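In this analysis, Cβ positions are derived from the backbone assuming ideal geometry, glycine residues included, and neighbour counts consider all displayed protein chains. The numbers here are math on the coordinates, done by the rules we state, and not lab data.
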Amino acid sequence: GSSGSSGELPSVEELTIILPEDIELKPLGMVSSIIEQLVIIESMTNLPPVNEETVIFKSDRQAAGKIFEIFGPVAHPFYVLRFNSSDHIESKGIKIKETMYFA
C-alpha cells in the first residue's frame, strides 16, 4: 500500500490495529477517569519508558489509541487517550476499571 496527501483532519484517525498471538501485552494500568473527550488511565508499576507516540492496546488486542497526554508523578503517572468524543470510547469498550496494555 501507500499514502500521500496534503490535508490534515480535525478528528483523530480511527486507530485500528490487531495484535497477533506472538506479542506480550503488559498491564499498563487501568482507566481511572475519563475526560470530556479523552480518557484517563492510571498506571500501576514496572511501567516501561514509553512516550506519547506510544500506542495503547486494549484487552481485546485492539489499538484503542495513542497517548493523547501524560501527567502525574514518575512512578504513578497517568496516560491519556485520544478520542473524537465520548461515543468513540463507548464503542471501543473502554471504561472505568478497565486494565489496558501496550506492545
Q. Looking at this structure, is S91 without any contact (Cβ under 8 Å) to a residue 40 or more places away in the chain, farther than 29 Å from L9 by Cα and not hydrophobic (A, V, I, L, M, F, W, C)?
A. no
(Q) Just to check your reading of the model, which residue among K66, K97 is surrounded by 11 or more Cβ atoms within 10 Å (Cβ to Cβ) and of a type in the set (D, E, K, R)? (A) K66
